[PDB]
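For reference, the structure discussed in these notes is given below.
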Amino acid sequence: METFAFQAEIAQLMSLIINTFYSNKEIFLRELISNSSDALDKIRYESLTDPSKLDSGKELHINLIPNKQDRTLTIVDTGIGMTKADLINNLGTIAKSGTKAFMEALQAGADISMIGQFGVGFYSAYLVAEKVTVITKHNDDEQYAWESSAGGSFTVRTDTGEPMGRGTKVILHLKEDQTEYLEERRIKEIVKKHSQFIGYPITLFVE
Ligand SMILES: Cc1onc(-c2ccc(O)cc2O)c1-c1ccccc1
C-alpha cells in the first residue's frame, strides 16, 4: 500500500465539504452517477473505432448497491476506468484549478450543489461518507484500490479483490447519521429527481 498527501487545494476542498453546514447532501449521488455516465461515454467513444475495447465487457451500465449491515452504498459502472496515474492525479480531474474556481464561486454566492460545474463532483461523496474506497480497472492498466478518510492523505494499492473486467466501483462508508441513503424509497427519489436523463440503465439493487 502506498500513501500520498492530497495537494493543499484538494485537502481544502475536502475540509470545506466536510465542515460547512449544508443540508442538501443528496446531490452526492447525482455527482457520482454523472461521473459514471462520463466514464461510460469515454469507453463507448473509443469502441466506435476499436470494437476490441469492449473485450473487457460489452455491457454499459450503472448499479447502485446498498448494504445495511456494512453501512455502505456502492456505485458500480462499466465505464473506461482509471489508470494508477489517473487515480493519483485526483481521480482523473483537474482538481487544483476546479477547486480554485469553485471556492471563488462560493464566496460570490454559489452553493455546494454547483460543485459538478467545476469538475470536482467526486469529492461531494464526503457530504455523506466518512471513508470512500474506489476500485478501478482500465484496459491498459491493472486493478487498483484508492482509499481516503480525508485527513490529508489517500492510499493506492493493487487490488487483489473481486476482478471487475473494466470500470469503477465507488464504495461509500456512510456516516452514522446518513443511513437514509441505504433506503430503497430514498435512493429511488434521488435518482428520479436528479438523474432522469442519464443515458445508461441505472439498476437499484435490493436486499
Ligand atoms: C475517466 C474515468 O474513469 N472512471 C471515472 C470515474 C470517476 C469517479 C466516479 O465516481 C466514477 C467513475 O467511473 C472517470 C472519471 C474521471 C473524471 C471525471 C469523470 C469520470
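Residue numbers start at 1 in each chain; chains themselves are named A, B, ... in the order of the C-alpha cells; ligands are numbered from 1 in the order shown.
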Inset, instruction - Determine, counting only C-alpha atoms, which protein, DNA and RNA residues have an atom within 10 Å of an atom of range 153-156 of chain A; residues of the same chain fewer than 2 positions away are not included. Present the result as a PyMOL selection string. - result: chain A and resi 1-7+11+84+87-88+132-135+144-151+158-159
Counting only C-alpha atoms and all ligand atoms, give me one row per residue of chain A with an atom at most 10 Å from an atom of ligand 1, showing the shortest contact pair and its distance in Å to one decimal, sorted by chain then residue number, as a tab-separated table.
```
residue	atom	partner	partner_atom_place_in_ligand_line	distance
A:28	CA	ligand 1	10 (O)	9.7
A:29	CA	ligand 1	10 (O)	9.1
A:30	CA	ligand 1	10 (O)	9.8
A:31	CA	ligand 1	10 (O)	7.4
A:32	CA	ligand 1	10 (O)	4.3
A:33	CA	ligand 1	10 (O)	6.7
A:34	CA	ligand 1	19 (C)	7.4
A:35	CA	ligand 1	19 (C)	4.0
A:36	CA	ligand 1	13 (O)	3.9
A:37	CA	ligand 1	13 (O)	7.2
A:38	CA	ligand 1	20 (C)	5.3
A:39	CA	ligand 1	2 (C)	4.5
A:40	CA	ligand 1	13 (O)	7.1
A:41	CA	ligand 1	1 (C)	9.3
A:42	CA	ligand 1	1 (C)	7.1
A:43	CA	ligand 1	3 (O)	8.8
A:62	CA	ligand 1	13 (O)	9.2
A:75	CA	ligand 1	10 (O)	7.6
A:76	CA	ligand 1	11 (C)	7.8
A:77	CA	ligand 1	13 (O)	5.9
A:78	CA	ligand 1	13 (O)	7.4
A:79	CA	ligand 1	13 (O)	5.5
A:80	CA	ligand 1	3 (O)	5.0
A:81	CA	ligand 1	3 (O)	3.8
A:82	CA	ligand 1	3 (O)	4.6
A:83	CA	ligand 1	3 (O)	8.3
A:86	CA	ligand 1	16 (C)	7.8
A:87	CA	ligand 1	16 (C)	8.7
A:89	CA	ligand 1	16 (C)	9.9
A:90	CA	ligand 1	17 (C)	8.3
A:91	CA	ligand 1	16 (C)	5.6
A:92	CA	ligand 1	16 (C)	4.1
A:93	CA	ligand 1	17 (C)	4.8
A:94	CA	ligand 1	17 (C)	8.4
A:95	CA	ligand 1	17 (C)	9.5
A:116	CA	ligand 1	18 (C)	9.7
A:119	CA	ligand 1	18 (C)	6.8
A:120	CA	ligand 1	18 (C)	7.7
A:121	CA	ligand 1	18 (C)	8.0
A:122	CA	ligand 1	10 (O)	5.5
A:123	CA	ligand 1	10 (O)	8.9
A:124	CA	ligand 1	10 (O)	9.9
A:125	CA	ligand 1	10 (O)	8.6
A:134	CA	ligand 1	8 (C)	8.0
A:135	CA	ligand 1	4 (N)	9.6
A:136	CA	ligand 1	4 (N)	7.1
A:137	CA	ligand 1	4 (N)	8.4
A:138	CA	ligand 1	3 (O)	7.6
A:166	CA	ligand 1	4 (N)	9.4
A:167	CA	ligand 1	13 (O)	6.2
A:168	CA	ligand 1	13 (O)	4.8
A:169	CA	ligand 1	11 (C)	7.1
A:170	CA	ligand 1	10 (O)	6.0
A:171	CA	ligand 1	10 (O)	9.5
```
Inset, instruction - Per DSSP on the backbone, filter range 18-193 of chain A down to the residues in strand (DSSP E or B) and report them as a PyMOL selection string. - result: chain A and resi 62-67+72-77+129-137+144-148+153-158+167-174
Serialized selection, N, CA, C and O atoms, as a short mmCIF file (atom, residue, chain, number, x, y, z; two decimals), in the first residue's frame:
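Final output, saved to selection_24.cif:
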```
data_model
loop_
_atom_site.label_atom_id
_atom_site.label_comp_id
_atom_site.auth_asym_id
_atom_site.auth_seq_id
_atom_site.Cartn_x
_atom_site.Cartn_y
_atom_site.Cartn_z
N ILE A 62 -24.89 1.22 -14.86
CA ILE A 62 -24.61 1.76 -13.54
C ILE A 62 -25.47 1.00 -12.55
O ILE A 62 -26.68 0.92 -12.74
N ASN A 63 -24.84 0.43 -11.52
CA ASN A 63 -25.56 -0.29 -10.47
C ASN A 63 -25.40 0.43 -9.13
O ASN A 63 -24.30 0.89 -8.79
N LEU A 64 -26.49 0.50 -8.34
CA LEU A 64 -26.48 1.14 -7.02
C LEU A 64 -26.76 0.03 -6.03
O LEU A 64 -27.80 -0.63 -6.10
N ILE A 65 -25.79 -0.24 -5.15
CA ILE A 65 -25.89 -1.36 -4.23
C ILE A 65 -25.81 -0.89 -2.77
O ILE A 65 -24.71 -0.62 -2.27
N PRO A 66 -26.95 -0.86 -2.08
CA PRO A 66 -26.94 -0.53 -0.65
C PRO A 66 -26.68 -1.81 0.15
O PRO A 66 -27.10 -2.91 -0.24
N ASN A 67 -25.98 -1.68 1.27
CA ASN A 67 -25.73 -2.81 2.17
C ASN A 67 -25.89 -2.26 3.59
O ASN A 67 -25.01 -1.57 4.09
N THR A 72 -22.81 0.62 3.82
CA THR A 72 -22.19 1.14 2.60
C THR A 72 -23.17 1.28 1.46
O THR A 72 -24.11 0.49 1.34
N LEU A 73 -22.94 2.28 0.62
CA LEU A 73 -23.66 2.47 -0.62
C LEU A 73 -22.59 2.40 -1.71
O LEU A 73 -21.62 3.16 -1.67
N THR A 74 -22.70 1.41 -2.61
CA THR A 74 -21.70 1.23 -3.67
C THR A 74 -22.30 1.59 -5.02
O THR A 74 -23.40 1.15 -5.35
N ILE A 75 -21.54 2.38 -5.81
CA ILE A 75 -21.95 2.75 -7.15
C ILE A 75 -20.96 2.08 -8.11
O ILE A 75 -19.76 2.36 -8.02
N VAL A 76 -21.45 1.18 -8.95
CA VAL A 76 -20.62 0.44 -9.90
C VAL A 76 -20.94 0.87 -11.32
O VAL A 76 -22.11 0.90 -11.71
N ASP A 77 -19.90 1.12 -12.12
CA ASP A 77 -20.12 1.39 -13.53
C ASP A 77 -19.12 0.56 -14.32
O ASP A 77 -18.09 0.11 -13.78
N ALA A 129 -20.16 10.32 3.34
CA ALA A 129 -19.27 9.23 3.67
C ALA A 129 -18.12 9.65 4.56
O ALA A 129 -17.48 10.69 4.30
N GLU A 130 -17.82 8.81 5.58
CA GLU A 130 -16.65 9.02 6.45
C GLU A 130 -15.37 8.49 5.75
O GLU A 130 -14.26 8.91 6.08
N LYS A 131 -15.54 7.54 4.81
CA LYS A 131 -14.43 6.92 4.09
C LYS A 131 -14.97 6.52 2.71
O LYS A 131 -16.16 6.17 2.58
N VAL A 132 -14.14 6.68 1.67
CA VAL A 132 -14.53 6.30 0.32
C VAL A 132 -13.43 5.39 -0.23
O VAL A 132 -12.24 5.70 -0.07
N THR A 133 -13.84 4.27 -0.83
CA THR A 133 -12.92 3.33 -1.47
C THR A 133 -13.30 3.33 -2.96
O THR A 133 -14.48 3.19 -3.29
N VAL A 134 -12.32 3.52 -3.84
CA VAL A 134 -12.55 3.49 -5.28
C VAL A 134 -11.76 2.32 -5.86
O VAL A 134 -10.53 2.31 -5.73
N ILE A 135 -12.45 1.34 -6.45
CA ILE A 135 -11.82 0.17 -7.11
C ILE A 135 -11.99 0.44 -8.60
O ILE A 135 -13.11 0.69 -9.05
N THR A 136 -10.89 0.39 -9.37
CA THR A 136 -10.98 0.75 -10.79
C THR A 136 -10.10 -0.11 -11.64
O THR A 136 -9.06 -0.63 -11.18
N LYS A 137 -10.54 -0.31 -12.88
CA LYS A 137 -9.81 -1.10 -13.85
C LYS A 137 -9.96 -0.47 -15.24
O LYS A 137 -11.07 -0.40 -15.78
N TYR A 144 -6.80 -1.37 -9.38
CA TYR A 144 -6.31 -0.68 -8.20
C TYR A 144 -7.42 -0.31 -7.24
O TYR A 144 -8.57 -0.15 -7.67
N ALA A 145 -7.05 -0.10 -5.97
CA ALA A 145 -7.94 0.39 -4.93
C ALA A 145 -7.36 1.68 -4.35
O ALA A 145 -6.23 1.67 -3.86
N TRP A 146 -8.11 2.78 -4.48
CA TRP A 146 -7.79 4.09 -3.92
C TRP A 146 -8.65 4.18 -2.64
O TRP A 146 -9.80 3.72 -2.63
N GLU A 147 -8.15 4.82 -1.59
CA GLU A 147 -8.95 4.97 -0.37
C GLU A 147 -8.59 6.21 0.39
O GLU A 147 -7.41 6.55 0.48
N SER A 148 -9.59 6.86 1.00
CA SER A 148 -9.31 8.02 1.85
C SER A 148 -10.44 8.27 2.81
O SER A 148 -11.62 8.20 2.44
N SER A 153 -4.68 12.68 3.40
CA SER A 153 -3.99 11.62 2.67
C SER A 153 -4.92 10.62 2.06
O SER A 153 -6.08 10.45 2.51
N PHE A 154 -4.38 9.93 1.04
CA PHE A 154 -5.09 8.82 0.39
C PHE A 154 -4.09 7.69 0.16
O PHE A 154 -2.87 7.92 0.19
N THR A 155 -4.59 6.47 -0.01
CA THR A 155 -3.74 5.33 -0.30
C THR A 155 -4.08 4.74 -1.66
O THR A 155 -5.21 4.90 -2.15
N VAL A 156 -3.11 4.06 -2.28
CA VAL A 156 -3.34 3.35 -3.53
C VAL A 156 -2.64 2.00 -3.39
O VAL A 156 -1.48 1.95 -2.97
N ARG A 157 -3.32 0.93 -3.82
CA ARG A 157 -2.71 -0.40 -3.83
C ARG A 157 -3.27 -1.21 -4.97
O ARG A 157 -4.37 -0.92 -5.44
N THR A 158 -2.53 -2.25 -5.39
CA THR A 158 -3.03 -3.19 -6.39
C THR A 158 -4.15 -3.95 -5.68
O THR A 158 -3.98 -4.35 -4.52
N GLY A 167 -13.99 -0.80 -15.47
CA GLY A 167 -14.90 0.15 -14.86
C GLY A 167 -14.45 0.62 -13.50
O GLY A 167 -13.27 0.50 -13.13
N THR A 168 -15.40 1.21 -12.75
CA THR A 168 -15.10 1.79 -11.45
C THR A 168 -16.20 1.46 -10.47
O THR A 168 -17.39 1.53 -10.82
N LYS A 169 -15.80 1.15 -9.23
CA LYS A 169 -16.72 0.88 -8.12
C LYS A 169 -16.40 1.90 -7.02
O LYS A 169 -15.24 1.97 -6.59
N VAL A 170 -17.39 2.71 -6.62
CA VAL A 170 -17.17 3.70 -5.56
C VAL A 170 -17.92 3.22 -4.34
O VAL A 170 -19.15 3.09 -4.39
N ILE A 171 -17.19 2.86 -3.29
CA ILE A 171 -17.78 2.37 -2.05
C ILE A 171 -17.85 3.51 -1.04
O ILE A 171 -16.81 3.97 -0.59
N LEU A 172 -19.06 3.92 -0.66
CA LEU A 172 -19.27 4.98 0.31
C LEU A 172 -19.53 4.35 1.68
O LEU A 172 -20.57 3.70 1.85
N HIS A 173 -18.61 4.53 2.64
CA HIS A 173 -18.80 4.01 4.01
C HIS A 173 -19.51 5.16 4.69
O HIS A 173 -18.89 6.18 4.98
N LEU A 174 -20.83 5.04 4.84
CA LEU A 174 -21.63 6.16 5.31
C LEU A 174 -21.40 6.60 6.72
O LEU A 174 -21.10 5.77 7.59
#
```
Inset, instruction - Rounded to one decimal place, report the CA of residue 139 in chain A-CA of residue 201 in chain A distance in Å. - result: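 Value for the CA of residue 139 in chain A-CA of residue 201 in chain A distance: 22.1 Å.
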Inset, instruction - Kindly indicate which residue among A:162, A:46, A:207, A:55 lies nearest to residue 183 in chain A, using only C-alpha atoms for the distances. - result: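 The shortest atom-to-atom distance to residue 183 in chain A comes from A:207.
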Inset, instruction - Calculate how many Å separate CA of residue 204 in chain A from CA of residue 191 in chain A, rounding to one decimal. - result: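 Between CA of residue 204 in chain A and CA of residue 191 in chain A the gap is 9.4 Å.
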